[PDB]
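Peer 1: Experimental coordinates for this protein are included below, preceded by the sequence.
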Amino acid sequence: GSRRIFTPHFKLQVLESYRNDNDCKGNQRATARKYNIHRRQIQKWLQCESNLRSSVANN
DNA sequence: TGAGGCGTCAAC
DNA sequence: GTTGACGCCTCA
């Protein structure tokens, strides 16, 4: 239904939290819940997180 | 019973 | 055309 405006920094913020936040680190549902987003997007961004990095032009 | 992975469609 | 949103199957 929706397509909100997701920034790579946010995506990477999700992914970064997802990867280090003691609250979601290692879990996709928890990060999506904490960030109030879908858990398919974390998984999908992962399918291109490397691309997210070059997209934000940092790290 | 609860968590992780992939595909297709409409809006961006 | 690609990305945000949604479901079914399998493992411990």
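Peer 2: That came through fine. Residues are numbered from 1 along each chain as shown, chains lettered A, B, ... in the order given.
Peer 1: burial count for the closest residue to DNA strand C within chain A?
Peer 2: Closest approach between chain A and DNA strand C, counting by CB to the nearest atom of the strand: residue A:40, at 3.3 Å. In short, each C-beta sits where N, CA and C put it, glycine included. Each residue near residue A:40 was counted by other CB atoms under 10 Å, and the total is 10.
Peer 1: Name the helix or strand for it, please.
Peer 2: Per DSSP states H and E, residue A:40 falls inside helix A:39-46.
Peer 1: quick one: is whichever helix or strand comes after that helix near DNA strand B?
Peer 2: Using DSSP H and E, the next helix or strand after helix A:39-46 towards the C-terminus is helix A:49-56. No - judged by CB under 7 Å from any atom of the strand, helix A:49-56 and DNA strand B are separated, with a smallest distance of 12.2 Å.
Peer 1: tilt between helix A:49-56 and helix A:39-46?
Peer 2: 80 degrees (axes from the mean of the first three to the mean of the last three CA atoms, to 10 degrees).
Peer 1: Next, find the distance separating residue A:58 from residue A:9.
Peer 2: As judged by CB to CB, to the nearest Å, residue A:58 and residue A:9 stand 8 Å apart.
Peer 1: and if you look at residue A:45?
Peer 2: Distance of residue A:45 to residue A:9, given as CB to CB: 12 Å.
Peer 1: Next: residue A:29.
Peer 2: 22 Å.
Peer 1: again, but for residue A:24
Peer 2: 17 Å.
Peer 1: higher neighbour count, these two?
Peer 2: For residue A:24 and residue A:9, the more surrounded residue by other CB under 10 Å is residue A:24, and the numbers stand at 20 against 13.
Peer 1: Not counting its own residues, what contacts the longest helix along chain A?
Peer 2: Ranked by number of residues, the top helix in chain A under DSSP state H is helix A:8-20. Residues outside helix A:8-20 that contact it (CB atoms under 8 Å, 6 or more residues apart in numbering): A:23-25, A:27-28, A:31-32, A:34-35, A:37, A:41-42, A:45-46, A:49, A:52-53, A:55-56.
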